[PDB]
$ cat entry11.cif   # mmCIF, C-alpha atoms
data_start
#
loop_
_atom_site.label_atom_id
_atom_site.label_comp_id
_atom_site.auth_asym_id
_atom_site.auth_seq_id
_atom_site.Cartn_x
_atom_site.Cartn_y
_atom_site.Cartn_z
CA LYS A 1 -13.61 -21.53 -11.13
CA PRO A 2 -11.23 -23.74 -13.13
CA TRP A 3 -9.04 -21.83 -15.56
CA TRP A 4 -11.16 -22.87 -18.55
CA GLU A 5 -14.16 -21.03 -17.12
CA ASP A 6 -12.26 -18.31 -15.29
CA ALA A 7 -13.08 -14.94 -16.82
CA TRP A 8 -9.58 -13.82 -15.67
CA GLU A 9 -7.40 -16.48 -17.35
CA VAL A 10 -5.70 -15.37 -20.56
CA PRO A 11 -3.48 -17.35 -22.99
CA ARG A 12 0.15 -16.37 -22.45
CA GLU A 13 0.31 -15.52 -26.18
CA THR A 14 -1.74 -12.36 -25.48
CA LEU A 15 1.24 -10.79 -23.69
CA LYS A 16 4.45 -9.18 -24.78
CA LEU A 17 6.91 -8.15 -22.02
CA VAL A 18 8.93 -5.05 -22.89
CA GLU A 19 10.71 -3.55 -19.89
CA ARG A 20 11.53 -4.59 -16.33
CA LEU A 21 9.92 -2.40 -13.66
CA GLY A 22 11.08 -4.21 -10.51
CA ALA A 23 12.87 -7.41 -9.50
CA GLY A 24 13.06 -9.57 -6.45
CA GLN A 25 13.70 -12.84 -4.72
CA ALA A 26 10.12 -13.92 -5.54
CA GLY A 27 10.03 -12.67 -9.12
CA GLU A 28 9.90 -9.66 -11.36
CA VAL A 29 7.44 -7.06 -12.57
CA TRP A 30 7.51 -6.02 -16.18
CA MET A 31 5.66 -3.48 -18.22
CA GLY A 32 4.10 -5.19 -21.23
CA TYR A 33 1.25 -5.12 -23.70
CA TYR A 34 -1.90 -7.17 -23.75
CA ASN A 35 -3.16 -7.91 -27.26
CA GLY A 36 -0.67 -5.47 -28.76
CA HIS A 37 -2.30 -2.23 -27.55
CA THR A 38 -2.98 -2.23 -23.85
CA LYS A 39 -0.23 -1.34 -21.46
CA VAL A 40 -0.14 -3.56 -18.34
CA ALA A 41 2.22 -4.69 -15.54
CA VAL A 42 3.15 -8.34 -15.43
CA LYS A 43 4.29 -9.94 -12.20
CA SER A 44 6.19 -13.20 -12.84
CA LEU A 45 6.92 -15.84 -10.21
CA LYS A 46 10.50 -16.88 -9.75
CA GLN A 47 10.08 -20.66 -9.99
CA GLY A 48 10.90 -22.28 -6.69
CA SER A 49 11.09 -19.09 -4.66
CA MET A 50 7.61 -19.47 -3.28
CA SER A 51 4.61 -21.67 -3.79
CA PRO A 52 2.53 -20.93 -6.93
CA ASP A 53 -0.60 -21.28 -4.76
CA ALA A 54 0.82 -18.59 -2.46
CA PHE A 55 1.63 -16.39 -5.46
CA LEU A 56 -1.85 -16.80 -6.96
CA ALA A 57 -3.64 -16.08 -3.68
CA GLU A 58 -2.92 -12.37 -4.13
CA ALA A 59 -4.78 -12.37 -7.46
CA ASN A 60 -7.75 -14.17 -5.92
CA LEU A 61 -7.93 -11.52 -3.21
CA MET A 62 -7.69 -8.64 -5.74
CA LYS A 63 -10.81 -10.01 -7.45
CA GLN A 64 -12.70 -9.04 -4.22
CA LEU A 65 -11.24 -5.57 -4.07
CA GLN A 66 -12.04 -3.76 -7.23
CA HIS A 67 -12.08 -0.01 -6.80
CA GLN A 68 -10.59 2.97 -8.69
CA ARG A 69 -8.14 3.66 -5.84
CA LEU A 70 -6.75 0.05 -5.84
CA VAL A 71 -4.41 -1.32 -8.56
CA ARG A 72 -6.82 -3.49 -10.58
CA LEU A 73 -6.27 -7.14 -11.41
CA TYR A 74 -6.24 -7.51 -15.21
CA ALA A 75 -5.77 -11.27 -15.79
CA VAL A 76 -3.82 -14.36 -14.79
CA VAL A 77 -1.90 -17.15 -16.47
CA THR A 78 -2.09 -20.13 -14.10
CA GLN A 79 0.15 -22.55 -16.07
CA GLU A 80 3.89 -22.27 -15.36
CA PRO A 81 5.54 -19.89 -15.72
CA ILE A 82 2.74 -18.07 -13.92
CA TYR A 83 1.77 -14.43 -14.17
CA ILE A 84 -0.51 -12.00 -12.41
CA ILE A 85 -1.35 -9.18 -14.82
CA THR A 86 -2.42 -5.85 -13.42
CA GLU A 87 -3.20 -2.21 -14.16
CA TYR A 88 -0.08 -0.22 -15.16
CA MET A 89 0.87 2.90 -13.13
CA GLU A 90 3.24 4.99 -15.19
CA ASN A 91 5.02 6.89 -12.41
CA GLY A 92 5.76 3.85 -10.26
CA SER A 93 6.10 3.97 -6.48
CA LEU A 94 5.16 7.14 -4.71
CA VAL A 95 8.28 6.93 -2.53
CA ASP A 96 10.40 7.09 -5.74
CA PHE A 97 8.17 9.48 -7.72
CA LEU A 98 8.42 12.22 -5.01
CA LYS A 99 12.21 12.39 -5.57
CA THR A 100 11.99 12.98 -9.32
CA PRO A 101 12.00 16.49 -10.83
CA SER A 102 8.24 16.34 -11.22
CA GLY A 103 7.67 15.03 -7.71
CA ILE A 104 9.94 17.61 -6.07
CA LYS A 105 7.94 20.43 -7.60
CA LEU A 106 4.60 19.32 -6.08
CA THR A 107 2.88 21.80 -3.75
CA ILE A 108 1.68 20.85 -0.29
CA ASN A 109 -1.84 21.09 -1.77
CA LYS A 110 -1.10 18.31 -4.28
CA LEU A 111 0.61 16.19 -1.60
CA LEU A 112 -2.55 16.59 0.59
CA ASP A 113 -4.68 15.61 -2.40
CA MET A 114 -2.54 12.47 -2.86
CA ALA A 115 -2.79 11.58 0.86
CA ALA A 116 -6.60 11.90 0.56
CA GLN A 117 -6.62 9.54 -2.47
CA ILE A 118 -4.68 6.97 -0.43
CA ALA A 119 -7.03 7.28 2.56
CA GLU A 120 -9.95 6.89 0.10
CA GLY A 121 -8.59 3.58 -1.12
CA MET A 122 -7.89 2.40 2.46
CA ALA A 123 -11.47 3.42 3.43
CA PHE A 124 -12.72 0.99 0.76
CA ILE A 125 -10.43 -1.75 2.10
CA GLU A 126 -11.70 -0.96 5.57
CA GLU A 127 -15.39 -1.17 4.69
CA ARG A 128 -14.91 -4.52 2.91
CA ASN A 129 -13.39 -5.98 6.12
CA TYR A 130 -9.90 -6.36 4.76
CA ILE A 131 -6.50 -5.18 6.01
CA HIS A 132 -3.41 -4.54 3.88
CA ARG A 133 -0.50 -4.86 6.36
CA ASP A 134 2.19 -3.29 4.15
CA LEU A 135 0.91 0.25 3.82
CA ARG A 136 3.88 2.49 2.98
CA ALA A 137 4.79 4.92 0.19
CA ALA A 138 6.71 2.13 -1.59
CA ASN A 139 3.34 0.40 -2.04
CA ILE A 140 1.41 3.36 -3.39
CA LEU A 141 1.61 3.61 -7.20
CA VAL A 142 1.33 6.83 -9.20
CA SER A 143 -0.52 7.15 -12.53
CA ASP A 144 0.38 9.30 -15.47
CA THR A 145 -2.21 11.86 -14.21
CA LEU A 146 -0.67 11.91 -10.70
CA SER A 147 -3.50 9.93 -9.12
CA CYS A 148 -2.53 7.35 -6.52
CA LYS A 149 -3.53 3.76 -6.00
CA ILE A 150 -2.89 1.10 -3.39
CA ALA A 151 -0.75 -1.79 -4.52
CA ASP A 152 0.90 -5.03 -3.39
CA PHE A 153 -1.76 -7.10 -1.70
CA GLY A 154 0.63 -9.93 -0.74
CA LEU A 155 0.02 -9.53 2.96
CA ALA A 156 -3.59 -8.40 2.61
CA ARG A 157 -6.22 -10.45 4.47
CA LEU A 158 -9.96 -10.78 4.94
CA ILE A 159 -10.78 -10.08 8.55
CA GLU A 160 -13.41 -12.61 9.75
CA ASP A 161 -13.56 -11.42 13.39
CA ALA A 162 -11.70 -8.23 14.28
CA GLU A 163 -8.10 -9.43 14.04
CA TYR A 164 -5.48 -11.42 12.11
CA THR A 165 -2.58 -12.97 13.98
CA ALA A 166 0.68 -13.53 12.14
CA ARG A 167 2.61 -16.63 13.10
CA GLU A 168 5.44 -16.66 15.68
CA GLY A 169 8.49 -15.81 13.59
CA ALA A 170 6.87 -13.36 11.18
CA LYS A 171 8.91 -10.19 10.87
CA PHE A 172 7.64 -6.72 9.73
CA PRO A 173 9.27 -3.26 9.03
CA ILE A 174 9.46 -1.87 12.53
CA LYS A 175 9.23 1.81 11.53
CA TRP A 176 5.85 1.38 9.71
CA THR A 177 4.24 -1.25 11.90
CA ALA A 178 1.85 -0.70 14.79
CA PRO A 179 3.20 -1.62 18.26
CA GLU A 180 0.50 -4.28 18.88
CA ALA A 181 1.59 -5.90 15.62
CA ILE A 182 5.28 -5.79 16.49
CA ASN A 183 4.58 -7.03 20.03
CA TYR A 184 1.73 -9.54 19.61
CA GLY A 185 1.60 -10.23 15.88
CA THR A 186 -1.95 -8.83 15.96
CA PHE A 187 -3.17 -6.84 12.95
CA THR A 188 -6.46 -4.98 12.50
CA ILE A 189 -7.49 -2.12 10.25
CA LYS A 190 -6.21 0.12 13.12
CA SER A 191 -2.69 -1.20 12.51
CA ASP A 192 -3.04 0.00 8.94
CA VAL A 193 -4.14 3.34 10.37
CA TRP A 194 -0.83 3.56 12.30
CA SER A 195 1.06 2.74 9.05
CA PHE A 196 -0.85 5.49 7.25
CA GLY A 197 0.40 8.08 9.74
CA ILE A 198 3.95 6.97 8.98
CA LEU A 199 3.14 7.04 5.27
CA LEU A 200 2.09 10.71 5.66
CA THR A 201 5.61 11.53 6.91
CA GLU A 202 6.97 9.90 3.74
CA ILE A 203 4.71 12.11 1.66
CA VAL A 204 5.71 15.34 3.36
CA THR A 205 9.48 14.61 3.38
CA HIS A 206 9.43 13.55 -0.30
CA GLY A 207 10.31 10.01 0.49
CA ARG A 208 12.66 10.16 3.51
CA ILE A 209 13.00 7.19 5.86
CA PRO A 210 10.77 7.69 8.93
CA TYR A 211 12.22 8.50 12.40
CA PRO A 212 15.35 10.14 10.91
CA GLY A 213 18.61 9.16 12.57
CA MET A 214 17.11 6.43 14.72
CA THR A 215 17.59 2.68 14.68
CA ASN A 216 14.73 0.23 15.25
CA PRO A 217 15.61 -0.24 18.98
CA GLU A 218 15.65 3.55 19.46
CA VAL A 219 12.24 3.79 17.74
CA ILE A 220 10.83 1.18 20.13
CA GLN A 221 12.46 2.87 23.14
CA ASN A 222 10.98 6.24 22.16
CA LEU A 223 7.55 4.88 21.45
CA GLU A 224 7.40 3.14 24.83
CA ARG A 225 8.23 6.42 26.54
CA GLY A 226 5.16 8.05 24.93
CA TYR A 227 7.16 9.89 22.27
CA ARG A 228 6.19 9.76 18.58
CA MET A 229 8.18 10.73 15.47
CA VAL A 230 9.69 14.21 15.71
CA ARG A 231 7.87 16.80 13.46
CA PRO A 232 9.31 16.43 9.94
CA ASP A 233 10.88 19.48 8.38
CA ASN A 234 8.32 21.68 6.67
CA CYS A 235 5.33 19.63 7.85
CA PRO A 236 2.11 21.65 8.34
CA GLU A 237 1.11 21.34 12.01
CA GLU A 238 -2.42 20.29 11.04
CA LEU A 239 -1.03 17.25 9.19
CA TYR A 240 1.35 16.45 12.07
CA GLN A 241 -1.61 16.41 14.46
CA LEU A 242 -3.52 14.13 12.07
CA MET A 243 -0.47 11.78 12.13
CA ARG A 244 -0.55 11.82 15.94
CA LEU A 245 -4.18 10.60 15.78
CA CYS A 246 -2.96 7.69 13.66
CA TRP A 247 -0.45 6.95 16.38
CA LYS A 248 -2.78 6.79 19.39
CA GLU A 249 -1.70 4.17 21.92
CA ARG A 250 -4.95 2.22 21.93
CA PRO A 251 -5.93 0.83 18.47
CA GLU A 252 -9.57 1.80 19.18
CA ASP A 253 -8.65 5.45 19.66
CA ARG A 254 -7.19 5.71 16.16
CA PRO A 255 -9.57 7.19 13.58
CA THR A 256 -11.14 5.38 10.68
CA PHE A 257 -9.87 5.73 7.15
CA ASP A 258 -13.15 7.32 6.16
CA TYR A 259 -12.46 10.00 8.83
CA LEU A 260 -8.87 10.48 7.57
CA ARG A 261 -10.16 10.78 4.01
CA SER A 262 -12.70 13.43 5.03
CA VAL A 263 -10.16 15.51 6.95
CA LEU A 264 -7.47 15.36 4.24
CA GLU A 265 -10.03 16.55 1.62
CA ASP A 266 -10.80 19.52 3.87
CA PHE A 267 -7.07 20.16 4.24
CA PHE A 268 -6.64 20.00 0.44
CA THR A 269 -9.70 22.09 -0.36
CA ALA A 270 -8.33 24.75 1.99
CA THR A 271 -4.70 24.87 0.75
#

$ encode --input "entry11.cif" --output "structure tokens"
Amino acid sequence: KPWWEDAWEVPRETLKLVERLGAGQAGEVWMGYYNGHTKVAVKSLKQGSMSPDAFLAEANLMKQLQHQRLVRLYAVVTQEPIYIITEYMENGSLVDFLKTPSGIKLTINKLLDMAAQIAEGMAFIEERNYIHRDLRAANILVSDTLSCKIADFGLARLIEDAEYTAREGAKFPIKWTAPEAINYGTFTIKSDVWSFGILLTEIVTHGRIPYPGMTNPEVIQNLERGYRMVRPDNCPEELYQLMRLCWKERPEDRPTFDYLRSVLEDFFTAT
């Protein structure tokens, strides 16, 4: 729908940017207010860094994925400078939140609860035939009530058949990416499953880098031998075994997100 009929377009006058939340080569993210009273996050495009069409594509996809466990699209301003306005998550990225005084104090029970919330959002993404491709603790946002939501849908894609193939020179974070994706550029919801297992290690170590003390080549070498990440310190064996399921060799042997959600809720409502 053209902007003049688009229920999501808002005049830029409705927004007041107050504090920078994040910055990058492609733009910034600011906390601001919509119509004076409503707190929101505003993602601005750094003019020239990337195509505006590319930037806006993420908003168009978010329109198709509305769910409580996914950061919600609020509005867009499609005239330059362009903005994607979204739901504000007070405690920022989970990977950062877990290192704060509040985060450090969380019990394993609350961490299990948070993992279950994340699996619940991915189960929605899964059932709608989408994939995220950048599932890591940096991309999980935390609300003021310590509820988690999936964010950053830049790489997210609608899966027509069963797989999306990235193009030749596409590069991805080796430590979080599934081997078939590193090797063949092939992504499916099972690749996200692999990433979730890695994400679980980030939750339990309060934000530590996965595969401690290893470089990317060492990670690849170890994986190809049949090894997986060494048990993190103070990681409940039940959770470690759930991670191992996420890291099954064959994509088809990895569980669904709805299965992971169900198990993590049992773990939580046990601890």

$ closest_residue --input "entry11.cif" --among "A:250, A:46, A:261, A:63" --to "residue 23 in chain A" --atoms "all atoms listed in the file"
A:46

$ residues_around --input "entry11.cif" --residues "residue 83 in chain A" --least-positions-apart "2" --cutoff "9 Å" --atoms "all atoms listed in the file" --output "CSV table (one decimal) with C-alpha atoms, in the frame of the given file"
chain,number,residue,atom,x,y,z
A,12,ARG,CA,0.2,-16.4,-22.4
A,42,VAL,CA,3.2,-8.3,-15.4
A,43,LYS,CA,4.3,-9.9,-12.2
A,44,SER,CA,6.2,-13.2,-12.8
A,45,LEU,CA,6.9,-15.8,-10.2
A,55,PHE,CA,1.6,-16.4,-5.5
A,56,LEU,CA,-1.8,-16.8,-7.0
A,75,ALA,CA,-5.8,-11.3,-15.8
A,76,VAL,CA,-3.8,-14.4,-14.8
A,77,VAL,CA,-1.9,-17.2,-16.5
A,78,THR,CA,-2.1,-20.1,-14.1
A,79,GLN,CA,0.2,-22.6,-16.1
A,80,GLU,CA,3.9,-22.3,-15.4
A,81,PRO,CA,5.5,-19.9,-15.7
A,85,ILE,CA,-1.4,-9.2,-14.8

$ residues_near_point --input "entry11.cif" --point "(2.6, -14.0, 11.4)" --cutoff "12 Å" --atoms "all atoms listed in the file" --output "VMD selection string"
chain A and resid 133 155 157 163 to 172 181 to 187

$ resolve_selection --input "entry11.cif" --expression "the PyMOL selection byres ((chain A and resi 94) around 12)" --output "PyMOL selection string"
chain A and resi 89-93+95-100+102-104+111+114-115+118+135-144+146-151+199-200+202-208

$ residues_around --input "entry11.cif" --residues "residue 263 in chain A" --least-positions-apart "6" --cutoff "12 Å" --atoms "only C-alpha atoms" --output "PyMOL selection string"
chain A and resi 112-113+115-117+119-120+238-239+241-243+245+255-257+269-270

$ closest_residue --input "entry11.cif" --among "A:174, A:220, A:156, A:82" --to "residue 47 in chain A" --atoms "all atoms listed in the file"
A:82

$ closest_residue --input "entry11.cif" --among "A:15, A:57, A:21, A:108" --to "residue 39 in chain A" --atoms "all atoms listed in the file"
A:15

$ atom_distance --input "entry11.cif" --atom1 "CA of residue 29 in chain A" --atom2 "CA of residue 68 in chain A"
21.0 Å

$ atom_distance --input "entry11.cif" --atom1 "CA of residue 19 in chain A" --atom2 "CA of residue 145 in chain A"
20.9 Å

$ atom_distance --input "entry11.cif" --atom1 "CA of residue 264 in chain A" --atom2 "CA of residue 189 in chain A"
18.5 Å

$ closest_residue --input "entry11.cif" --among "A:251, A:121, A:226, A:179" --to "residue 70 in chain A" --atoms "all atoms listed in the file"
A:121

$ resolve_selection --input "entry11.cif" --expression "the PyMOL selection byres ((chain A and resi 229) around 8)" --output "number ranges by chain"
A: 210-211, 227-228, 230-231

$ write_last_selection --input "entry11.cif" --atoms "C-alpha atoms" --output "short mmCIF file (atom, residue, chain, number, x, y, z; two decimals), in the frame of the given file"
data_model
loop_
_atom_site.label_atom_id
_atom_site.label_comp_id
_atom_site.auth_asym_id
_atom_site.auth_seq_id
_atom_site.Cartn_x
_atom_site.Cartn_y
_atom_site.Cartn_z
CA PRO A 210 10.77 7.69 8.93
CA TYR A 211 12.22 8.50 12.40
CA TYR A 227 7.16 9.89 22.27
CA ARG A 228 6.19 9.76 18.58
CA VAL A 230 9.69 14.21 15.71
CA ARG A 231 7.87 16.80 13.46
#

$ residues_near_point --input "entry11.cif" --point "(-5.4, -5.8, -15.1)" --cutoff "9 Å" --atoms "all atoms listed in the file" --output "PyMOL selection string"
chain A and resi 40-42+71-76+84-88

$ closest_residue --input "entry11.cif" --among "A:66, A:191, A:201, A:177" --to "residue 219 in chain A" --atoms "all atoms listed in the file"
A:177

$ closest_residue --input "entry11.cif" --among "A:215, A:266, A:193, A:7" --to "residue 253 in chain A" --atoms "all atoms listed in the file"
A:193

$ resolve_selection --input "entry11.cif" --expression "the PyMOL selection byres ((chain A and resi 159) around 8)" --output "count of residues only"
11

$ decode --input "entry11.cif" --residues "range 216-239 of chain A" --atoms "C-alpha atoms" --output "short mmCIF file (atom, residue, chain, number, x, y, z; two decimals), in the first residue's frame"
data_model
loop_
_atom_site.label_atom_id
_atom_site.label_comp_id
_atom_site.auth_asym_id
_atom_site.auth_seq_id
_atom_site.Cartn_x
_atom_site.Cartn_y
_atom_site.Cartn_z
CA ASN A 216 36.85 -20.20 14.37
CA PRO A 217 39.18 -22.76 12.66
CA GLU A 218 39.45 -24.72 15.94
CA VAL A 219 35.63 -24.68 16.25
CA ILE A 220 35.30 -26.10 12.73
CA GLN A 221 38.04 -28.68 13.39
CA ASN A 222 36.32 -29.83 16.59
CA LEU A 223 32.88 -29.97 15.06
CA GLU A 224 34.12 -32.10 12.17
CA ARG A 225 35.60 -34.57 14.64
CA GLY A 226 32.17 -35.07 16.23
CA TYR A 227 32.91 -32.87 19.25
CA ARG A 228 30.51 -30.13 20.38
CA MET A 229 31.06 -27.20 22.77
CA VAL A 230 32.56 -28.27 26.09
CA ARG A 231 30.00 -28.17 29.01
CA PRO A 232 29.87 -24.56 30.26
CA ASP A 233 30.68 -23.94 33.88
CA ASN A 234 27.67 -24.40 36.12
CA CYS A 235 25.41 -25.65 33.31
CA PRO A 236 22.69 -28.11 34.44
CA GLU A 237 23.28 -31.40 32.59
CA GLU A 238 19.65 -31.48 31.43
CA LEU A 239 20.14 -28.17 29.60
#
